[PDB]
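Trainee: This is the structure I have questions about; it appears just below.
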Amino acid sequence: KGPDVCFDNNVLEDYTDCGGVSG
Amino acid sequence: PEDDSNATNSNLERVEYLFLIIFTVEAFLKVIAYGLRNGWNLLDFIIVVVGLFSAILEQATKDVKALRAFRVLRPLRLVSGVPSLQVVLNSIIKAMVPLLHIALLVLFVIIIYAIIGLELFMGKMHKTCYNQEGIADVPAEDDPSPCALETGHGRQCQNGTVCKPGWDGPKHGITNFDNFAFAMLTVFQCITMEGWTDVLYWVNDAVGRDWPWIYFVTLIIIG
Amino acid sequence: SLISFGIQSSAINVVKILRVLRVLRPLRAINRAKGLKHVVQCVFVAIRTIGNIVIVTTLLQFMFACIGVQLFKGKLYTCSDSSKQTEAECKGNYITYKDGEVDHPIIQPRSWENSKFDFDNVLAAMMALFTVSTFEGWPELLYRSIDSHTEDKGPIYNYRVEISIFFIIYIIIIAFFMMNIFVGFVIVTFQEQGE
Amino acid sequence: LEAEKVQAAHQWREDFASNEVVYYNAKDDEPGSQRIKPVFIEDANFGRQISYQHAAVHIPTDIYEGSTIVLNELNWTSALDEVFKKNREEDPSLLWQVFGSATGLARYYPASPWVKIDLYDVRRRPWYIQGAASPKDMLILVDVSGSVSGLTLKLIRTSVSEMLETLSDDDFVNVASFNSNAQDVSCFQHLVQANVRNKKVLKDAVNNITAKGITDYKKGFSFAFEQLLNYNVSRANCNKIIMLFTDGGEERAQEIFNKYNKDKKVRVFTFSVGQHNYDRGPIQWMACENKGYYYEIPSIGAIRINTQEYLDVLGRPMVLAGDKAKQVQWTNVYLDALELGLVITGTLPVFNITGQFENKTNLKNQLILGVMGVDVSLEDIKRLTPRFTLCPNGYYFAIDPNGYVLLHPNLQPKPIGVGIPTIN
Amino acid sequence: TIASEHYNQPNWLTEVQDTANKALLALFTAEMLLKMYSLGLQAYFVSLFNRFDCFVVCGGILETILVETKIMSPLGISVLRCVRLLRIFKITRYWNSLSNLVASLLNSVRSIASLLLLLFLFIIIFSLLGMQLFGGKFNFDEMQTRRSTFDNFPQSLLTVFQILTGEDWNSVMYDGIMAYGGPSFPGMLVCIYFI
Amino acid sequence: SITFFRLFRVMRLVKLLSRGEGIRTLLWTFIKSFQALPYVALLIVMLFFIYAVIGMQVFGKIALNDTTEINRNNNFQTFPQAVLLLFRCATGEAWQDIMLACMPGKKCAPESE
Amino acid sequence: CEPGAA
Ligand SMILES: *[C@@H]1O[C@H](CO)[C@@H](O[C@@H]2O[C@H](CO)[C@@H](O[C@@H]3O[C@H](CO)[C@@H](O[C@@H]4O[C@H](CO)[C@@H](O)[C@H](O)[C@H]4NC(C)=O)[C@H](O)[C@H]3NC(C)=O)[C@H](O)[C@H]2NC(C)=O)[C@H](O)[C@H]1NC(C)=O
Ligand SMILES: *[C@@H]1O[C@H](CO)[C@@H](O[C@@H]2O[C@H](CO)[C@@H](O[C@@H]3O[C@H](CO)[C@@H](O)[C@H](O)[C@H]3NC(C)=O)[C@H](O)[C@H]2NC(C)=O)[C@H](O)[C@H]1NC(C)=O
Ligand SMILES: *[C@@H]1O[C@H](CO)[C@@H](O[C@@H]2O[C@H](CO)[C@@H](O)[C@H](O)[C@H]2NC(C)=O)[C@H](O)[C@H]1NC(C)=O
Ligand SMILES: CC(C)CCC[C@@H](C)[C@H]1CC[C@H]2[C@@H]3CC=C4C[C@@H](O)CC[C@]4(C)[C@H]3CC[C@]12C
Ligand SMILES: CC(C)CCC[C@@H](C)[C@H]1CC[C@H]2[C@@H]3CC=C4C[C@@H](O)CC[C@]4(C)[C@H]3CC[C@]12C
Ligand SMILES: *[C@@H]1O[C@H](CO)[C@@H](O)[C@H](O)[C@H]1NC(C)=O
Ligand SMILES: *[C@@H]1O[C@H](CO)[C@@H](O)[C@H](O)[C@H]1NC(C)=O
Ligand SMILES: [Ca+2]
Ligand SMILES: [Ca+2]
């Protein structure tokens, strides 16, 4: 039996921080 | 590496077909209008024939791509294509035939010194310090140097090391005096005054530091 | 020699700057071995004749050095840890793996170091270019300058491969054109002098 | 609650010389930071010499103390010592309490000197990873085309073998490879439980790959998205992520991404491995459209750091949850780094909440400061279950929600084996 | 003021020198304007230094702006005024000798540019051949990535140029030998290329 | 037990080398011109001697580390060794590395105090 | 168990 809590796909997340979007 | 490619290398092969078809109709139009005696036209025909053979072979298999090296002789057609550079090429090439009486001397010096190195340093550069646990892997940096046994006159091993045979060579077995092919190339490399001190020092660590200079310095001065 | 045996008391000073002038002992046979006197006069006459080729080449080397200081000053610095590109970021120790074996780590200090020959001054560029003109260690400088991108920063693999034209032009003009001009000038000068 | 409050009041200051930091470095026998010399009285429960007056600090050997990041972390993590002692005073049986910081340094109480080459890093420990993010569904894509042959292949093989070490028994993983035809590297063909035995198979299969063929990103990514859409086998039903281990290329594969994840429910992390001159443009584009990150591994030394930073991206939804994400989690039974036997560790993440009362930071507040940790030895649990009243054949045992025994007479303080040992 | 640019120079020097690089540039432009209109606008093109000075002045004015507002990074365009220090040779007898050499060089330009074209064609042909033979083969598992390789066209050109200069040609030859196996009859036969 | 007698056989090929009217004439004329100017070649000997002595007095005491360019093989500790080093620099063999291995701030040697 | 060999 796996954990019953799962934390992903939050709309308020930034998404603008890659490692290559800047450099 | 290893059969990889991209889109550009895929379109370039397609363009090679157009280039080959153009050159083949040039060959047709010049061979059914003249009937080869000139060197440049013969070279053009050779390039066209090799290109046809390579293209057909590659379409067949689909060492395959190993005779594509004849494509690099196509820039040589630019010299023949303009008469203003053939004169310069001839003036450069005809200045070389007086130098064939120095090429022979260089060859004789190379052969003589290769034979002398064969008779002097054959098989003496195949042992190095190997630590004291067995033959693990040449435990002296990334640059292991030849040593000599305790009864020898070469370089002696360090504190926790022992001279033991069974070693490839100073440069993966390429630089040595084992045969008339290795020696004749080591002598040439020394003659071009590039990496001759490395060979001298390897020999110094192999046999000793008393009489390899009489060989190498004389070779440098003479050749 | 006399004043060397004359002091005999300050034998921690002068001696190591007075025993170097003892190399002029062989130079006393120049005026005693006629023919050796002639082939020293000939060399001094020949040296004054190449005073154009030696000065024009020096001016060209100075110009090329001045151009090189504007391209590679403060840019040929490297950290022992290749992942650090700042002096304030290259302090401490880092893990090095011997012969690329991940199971054998080795701790080494992190050091911010310059190239063996740099372009920081106008007197270091003329020394970095002399060694290039002698064709010794010039590929190392070439591939160290190709990786340079920014002052006070570390290298980047193949940043400005188009900067190799600087070294190619310097080699063609100085190490191939002017040196052969010097040799041909010696040949022609000797022809006219002795013919 | 006393690490979120103190960190918010901290003022980021860049000059540490006029105002030195006093702390005890665990691994020691320097302007800008003063060092303490402890008394180190011998004490029970622990099997070493400890000092109950201050907390020790462990800094990784490749992490330089004296930096503006490390030194700033050593001030606001000094009010923790007063909470460390209050917890110990209330409960005298308290074992190690530790704060694993995202910078890399772990501050633990009571102070005790650290145990050849120290490769310890608090950000790779099982108790840190389990609290830094939710369980995942990792699927590793490996580029085994011709262009990756040579040094960049042994860097890829090591890198994949190092990210498998960041997966626990609650995560699910599989390794695939594409060389103009996507296939699996092992005998699995679907996501596996990523326990000790299954990860050994993947590590052994990854070490046996050879680089030859044509690069094809469309076929590789179609295989990856198909394997993350199985739902016939046991999975985690959580973070669905793809790691692409390549060098460079000119293919964006925008058609595949518009076909499989239009809603962007699968993250894509892209790695550029080795020193090369291939285009890294498309590689960084797949990491920005898909909600992932882009990393570069140019040598062996960059493998360790770059293969553990994907947990900062996975923790973004966990921080935005707020107080709902603050649940204590207990790890599996493992052996303590500071030798104490078999222990389990509690876990609680710490959030960066500076400017929270102003409600506009959302810049570095989406990352966690670190993970809390308190260790409970198996001997403490064995004392709560008396045995001598029962017969010699009677015993207690407890299990995880996984089958793994928390306490059992046959559970020994030794690691489990996964095959025949060998020496070369 | 050009040869006084070092790394980490005092902040006042970088101001004095950039003000000089503008004041002296304007004064040299005034030099040009005074010479041109007061000596005929077509007699300012008859000489060789006059055209060179025209080109250098115009280039300095043009390239000043590109570094003034960031479009382009400095390349030392004014360092070629020095080539006017060679005017001091007029006071010496060693200036009619150095002018006839330039006259012959500029008279045989059509032969120099053809010999150089043949030299470049040789390099291009051998670069293509080396790219065909050793392209994508110098990738050994050793933790060092070879810099002098045959993987690109510019890299092949640089490697062939390095072999032509002679420096460390034996290392590239060893890499080529080990790329086709090792020391053996069929494998070691790829050394005639480098010879 | 000696090898210098074996080297005689290879010299028989010199007889074949000294044949033809081009090789023989060119080699003989160049050897004669070399012999006709014995003092021009003395300048190089004098230069090597002077610079070897100067190198002996200046860099003669530098420690012999095998990881540097001043080793057992390459050093200034004897006149033959200094002459060999100068010959190596004249042939252009990492002469800048020997120059940088003789810069201030290196270790002296056991015997040199 | 005692280590093997390879
Ligand atoms: C928790 O979150 C808070 C904010 O959400 C965060 O506090 C912030 O810390 C950064 C430092 O990392 C401050 O940045 C200031 O502004 C710039 C940005 O870095 C710095 O100037 C240079 O920046 C470059 C980076 O490009 C850097 O390399 C260089 O060293 C910097 N300094 C120079 C060139 O002199 C400033 O120095 C820096 N500090 C100042 C101005 O004092 C933010 O301002 C902080 N934000 C707030 C609201 O205070 C905090 O670090 C997070 N906690 C942890 C543990 O990371
Ligand atoms: C990281 O930075 C500094 C390193 O110690 C600390 O800042 C200093 O802390 C001192 C200890 O509290 C302060 O001295 C006292 O501060 C309290 C609180 O304001 C007051 O009692 C007095 O100001 C002062 N006592 C005196 C003068 O007798 C320093 O004022 C204070 N300095 C600054 C510039 O902040 C930080 O506390 C430290 N971080 C943490 C978390 O401890
Ligand atoms: C299990 O996976 C398969 C394929 O991944 C799913 O698709 C079914 O496959 C089986 C056998 O081929 C057949 O029943 C049908 O062709 C597919 N559809 C259905 C509705 O069964 C399948 O749905 C998955 N689940 C189960 C319970 O089989
Ligand atoms: C007219 C030409 C031939 C000669 C020019 C000489 C002047 C301009 C050059 C030659 C040597 C140079 C110096 C060489 C080294 C240093 C030490 C360091 O602190 C950087 C500046 C400084 C001090 C340079 C300043 C400029 C300098 C003095
Ligand atoms: C004209 C000069 C410059 C180049 C000459 C190239 C030819 C004669 C030589 C040089 C390199 C050689 C190759 C070197 C190594 C191998 C690998 C092995 O399978 C045997 C044949 C093969 C493939 C050789 C065939 C002959 C070869 C192609
Ligand atoms: C710890 O738990 C034990 C067992 O219930 C008990 O002593 C008490 O509840 C706790 N101790 C404290 C809070 O000091
Ligand atoms: C080379 O010289 C000695 C020899 O052991 C020693 O100091 C070290 O190995 C080298 N020197 C330096 C400064 O590293
Ligand atoms: Ca590829
Ligand atoms: Ca060289």
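Within each chain, counting starts at residue 1; across the structure tokens, chains are named A, B, ... in the order shown, with ligands numbered 1 upward in that order.
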Could you give me the residues within 6 Å of ligand 9, counting only C-alpha atoms and all ligand atoms, as an NGL selection string?
Mentor: (:B and (194)) or (:C and (136)) or (:E and (167-168)) or (:F and (93-94))
Trainee: For the residues selected in the previous step, produce a file with C-alpha atoms as a PDB file, in the first residue's frame.
Mentor:
```
ATOM      1  CA  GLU B 194      60.259  16.439 -32.885  1.00  0.00           C
TER       2      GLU B 194
ATOM      3  CA  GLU C 136      56.847  25.537 -29.285  1.00  0.00           C
TER       4      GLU C 136
ATOM      5  CA  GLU E 167      54.824  21.067 -33.391  1.00  0.00           C
ATOM      6  CA  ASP E 168      53.579  17.834 -31.777  1.00  0.00           C
TER       7      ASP E 168
ATOM      8  CA  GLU F  93      62.358  21.041 -27.822  1.00  0.00           C
ATOM      9  CA  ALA F  94      60.141  22.614 -25.138  1.00  0.00           C
TER      10      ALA F  94
END
```
Trainee: Residues of chain D within 7 Å of ligand 2: nearest atom pair and distance (Å, one decimal) for each, counting only C-alpha atoms and all ligand atoms, sorted by chain and number, as a Markdown table?
Mentor:
```
| residue | atom | partner | partner_atom_place_in_ligand_line | distance |
| --- | --- | --- | --- | --- |
| D:6 | CA | ligand 2 | 41 (C) | 6.4 |
| D:10 | CA | ligand 2 | 41 (C) | 6.4 |
| D:19 | CA | ligand 2 | 4 (C) | 5.7 |
| D:20 | CA | ligand 2 | 4 (C) | 6.4 |
| D:21 | CA | ligand 2 | 4 (C) | 6.0 |
| D:75 | CA | ligand 2 | 39 (N) | 4.0 |
| D:76 | CA | ligand 2 | 41 (C) | 3.7 |
| D:77 | CA | ligand 2 | 41 (C) | 6.3 |
| D:78 | CA | ligand 2 | 41 (C) | 5.5 |
| D:79 | CA | ligand 2 | 41 (C) | 5.7 |
```
Trainee: Those selected residues, please, written with N, CA and C atoms and delivered as a PDB file, in the first residue's frame.
Mentor:
```
ATOM      1  N   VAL D   6      13.146  31.979  12.529  1.00  0.00           N
ATOM      2  CA  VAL D   6      14.476  32.570  12.632  1.00  0.00           C
ATOM      3  C   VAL D   6      15.019  32.923  11.253  1.00  0.00           C
ATOM      4  N   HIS D  10      16.372  36.707   9.416  1.00  0.00           N
ATOM      5  CA  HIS D  10      17.771  36.810   9.028  1.00  0.00           C
ATOM      6  C   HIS D  10      17.960  37.874   7.954  1.00  0.00           C
ATOM      7  N   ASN D  19      32.552  40.552  11.365  1.00  0.00           N
ATOM      8  CA  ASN D  19      31.567  39.882  12.212  1.00  0.00           C
ATOM      9  C   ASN D  19      31.678  38.382  11.951  1.00  0.00           C
ATOM     10  N   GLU D  20      32.510  37.708  12.740  1.00  0.00           N
ATOM     11  CA  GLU D  20      32.802  36.299  12.520  1.00  0.00           C
ATOM     12  C   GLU D  20      31.656  35.411  12.988  1.00  0.00           C
ATOM     13  N   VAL D  21      31.632  34.189  12.459  1.00  0.00           N
ATOM     14  CA  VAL D  21      30.654  33.173  12.828  1.00  0.00           C
ATOM     15  C   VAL D  21      31.342  32.125  13.688  1.00  0.00           C
ATOM     16  N   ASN D  75      24.524  31.436  10.526  1.00  0.00           N
ATOM     17  CA  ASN D  75      23.986  32.310  11.565  1.00  0.00           C
ATOM     18  C   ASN D  75      22.544  31.955  11.894  1.00  0.00           C
ATOM     19  N   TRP D  76      21.654  32.002  10.902  1.00  0.00           N
ATOM     20  CA  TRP D  76      20.257  31.701  11.187  1.00  0.00           C
ATOM     21  C   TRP D  76      20.070  30.268  11.667  1.00  0.00           C
ATOM     22  N   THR D  77      21.000  29.372  11.349  1.00  0.00           N
ATOM     23  CA  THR D  77      21.031  28.044  11.960  1.00  0.00           C
ATOM     24  C   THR D  77      21.922  28.028  13.197  1.00  0.00           C
ATOM     25  N   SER D  78      21.698  28.985  14.094  1.00  0.00           N
ATOM     26  CA  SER D  78      22.310  28.968  15.413  1.00  0.00           C
ATOM     27  C   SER D  78      21.293  29.108  16.529  1.00  0.00           C
ATOM     28  N   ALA D  79      20.101  29.633  16.247  1.00  0.00           N
ATOM     29  CA  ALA D  79      18.989  29.544  17.178  1.00  0.00           C
ATOM     30  C   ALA D  79      18.421  28.135  17.258  1.00  0.00           C
TER      31      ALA D  79
END
```
Trainee: If the limit is 12 Å from any atom of ligand 6, counting only C-alpha atoms and all ligand atoms, which residues qualify? Return them as a ChimeraX atom specification.
Mentor: /D:86-94,380-381,383-384
Trainee: Residues as selected, N, CA, C and O atoms, written as a PDB file, in the first residue's frame, can you do that?
Mentor:
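To be explicit, this is the file written out as part-v2.pdb:
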```pdb
ATOM      1  N   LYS D  86      16.349  22.151  24.326  1.00  0.00           N
ATOM      2  CA  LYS D  86      15.034  22.071  24.957  1.00  0.00           C
ATOM      3  C   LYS D  86      14.376  20.724  24.680  1.00  0.00           C
ATOM      4  O   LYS D  86      13.771  20.128  25.576  1.00  0.00           O
ATOM      5  N   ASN D  87      14.489  20.229  23.445  1.00  0.00           N
ATOM      6  CA  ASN D  87      13.947  18.914  23.124  1.00  0.00           C
ATOM      7  C   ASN D  87      14.637  17.818  23.922  1.00  0.00           C
ATOM      8  O   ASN D  87      13.972  16.908  24.430  1.00  0.00           O
ATOM      9  N   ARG D  88      15.964  17.883  24.039  1.00  0.00           N
ATOM     10  CA  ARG D  88      16.701  16.895  24.819  1.00  0.00           C
ATOM     11  C   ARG D  88      16.344  16.961  26.296  1.00  0.00           C
ATOM     12  O   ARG D  88      16.209  15.919  26.942  1.00  0.00           O
ATOM     13  N   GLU D  89      16.210  18.167  26.849  1.00  0.00           N
ATOM     14  CA  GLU D  89      15.897  18.309  28.266  1.00  0.00           C
ATOM     15  C   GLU D  89      14.522  17.747  28.604  1.00  0.00           C
ATOM     16  O   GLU D  89      14.360  17.109  29.649  1.00  0.00           O
ATOM     17  N   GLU D  90      13.531  17.967  27.738  1.00  0.00           N
ATOM     18  CA  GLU D  90      12.206  17.401  27.965  1.00  0.00           C
ATOM     19  C   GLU D  90      12.214  15.884  27.833  1.00  0.00           C
ATOM     20  O   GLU D  90      11.570  15.186  28.625  1.00  0.00           O
ATOM     21  N   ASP D  91      12.929  15.356  26.842  1.00  0.00           N
ATOM     22  CA  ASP D  91      13.017  13.915  26.609  1.00  0.00           C
ATOM     23  C   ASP D  91      14.475  13.481  26.682  1.00  0.00           C
ATOM     24  O   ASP D  91      15.203  13.572  25.678  1.00  0.00           O
ATOM     25  N   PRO D  92      14.948  13.009  27.838  1.00  0.00           N
ATOM     26  CA  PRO D  92      16.371  12.650  27.962  1.00  0.00           C
ATOM     27  C   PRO D  92      16.806  11.515  27.051  1.00  0.00           C
ATOM     28  O   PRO D  92      18.009  11.378  26.795  1.00  0.00           O
ATOM     29  N   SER D  93      15.879  10.699  26.555  1.00  0.00           N
ATOM     30  CA  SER D  93      16.207   9.578  25.687  1.00  0.00           C
ATOM     31  C   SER D  93      16.344   9.984  24.226  1.00  0.00           C
ATOM     32  O   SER D  93      16.458   9.110  23.362  1.00  0.00           O
ATOM     33  N   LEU D  94      16.328  11.283  23.935  1.00  0.00           N
ATOM     34  CA  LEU D  94      16.381  11.750  22.556  1.00  0.00           C
ATOM     35  C   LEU D  94      17.719  11.403  21.914  1.00  0.00           C
ATOM     36  O   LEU D  94      18.783  11.652  22.486  1.00  0.00           O
ATOM     37  N   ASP D 380      15.151   1.249  21.152  1.00  0.00           N
ATOM     38  CA  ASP D 380      14.116   1.960  21.896  1.00  0.00           C
ATOM     39  C   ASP D 380      12.754   1.309  21.701  1.00  0.00           C
ATOM     40  O   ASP D 380      11.979   1.177  22.655  1.00  0.00           O
ATOM     41  N   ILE D 381      12.444   0.900  20.470  1.00  0.00           N
ATOM     42  CA  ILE D 381      11.174   0.232  20.209  1.00  0.00           C
ATOM     43  C   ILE D 381      11.145  -1.148  20.853  1.00  0.00           C
ATOM     44  O   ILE D 381      10.105  -1.579  21.365  1.00  0.00           O
ATOM     45  N   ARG D 383      12.407  -1.985  23.615  1.00  0.00           N
ATOM     46  CA  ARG D 383      12.161  -1.841  25.043  1.00  0.00           C
ATOM     47  C   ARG D 383      10.691  -1.633  25.373  1.00  0.00           C
ATOM     48  O   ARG D 383      10.278  -1.915  26.503  1.00  0.00           O
ATOM     49  N   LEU D 384       9.896  -1.149  24.419  1.00  0.00           N
ATOM     50  CA  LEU D 384       8.466  -0.976  24.632  1.00  0.00           C
ATOM     51  C   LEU D 384       7.684  -2.267  24.446  1.00  0.00           C
ATOM     52  O   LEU D 384       6.471  -2.277  24.678  1.00  0.00           O
TER      53      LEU D 384
END
```
Trainee: Could you please extract the residues within 12 Å of ligand 5, counting only C-alpha atoms and all ligand atoms, and hand them back as a ChimeraX atom specification?
Mentor: /B:63-70,72-73 /E:122-123,125-130,132-134,173,176-195
Trainee: Stretch 6-23 of chain A: which residues within 6 Å, counting only C-alpha atoms, same-chain residues fewer than 6 positions away excluded, as a PyMOL selection string?
Mentor: chain D and resi 238+284+288+291+293-294+317-318
Trainee: Limited to N, CA, C and O atoms, could you put the picked residues into a file as a CSV table (one decimal), in the first residue's frame?
Mentor:
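The resulting part22.csv:
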```csv
chain,number,residue,atom,x,y,z
D,238,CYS,N,1.8,9.3,-8.9
D,238,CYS,CA,2.4,10.6,-8.4
D,238,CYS,C,3.3,11.1,-9.4
D,238,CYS,O,3.2,10.8,-10.6
D,284,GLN,N,17.5,22.2,-24.1
D,284,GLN,CA,16.9,23.1,-23.1
D,284,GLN,C,15.5,23.5,-23.4
D,284,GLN,O,14.8,23.9,-22.5
D,288,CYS,N,11.9,23.4,-20.7
D,288,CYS,CA,11.2,24.6,-20.4
D,288,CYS,C,9.7,24.5,-20.7
D,288,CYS,O,8.9,25.0,-20.0
D,291,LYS,N,7.4,20.9,-17.7
D,291,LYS,CA,7.7,21.6,-16.5
D,291,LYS,C,8.9,21.0,-15.7
D,291,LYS,O,8.8,20.6,-14.6
D,293,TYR,N,13.6,20.9,-15.8
D,293,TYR,CA,14.8,21.6,-15.6
D,293,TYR,C,15.9,21.1,-16.6
D,293,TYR,O,15.8,19.9,-17.1
D,294,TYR,N,16.9,21.9,-16.8
D,294,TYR,CA,18.0,21.5,-17.7
D,294,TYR,C,19.3,21.5,-16.9
D,294,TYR,O,19.6,22.4,-16.1
D,317,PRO,N,5.4,22.1,-5.9
D,317,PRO,CA,4.0,21.9,-5.4
D,317,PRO,C,3.9,21.6,-4.0
D,317,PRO,O,2.8,21.9,-3.4
D,318,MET,N,4.9,21.0,-3.3
D,318,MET,CA,4.8,20.7,-1.9
D,318,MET,C,4.9,21.9,-1.1
D,318,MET,O,4.2,22.0,0.0
```
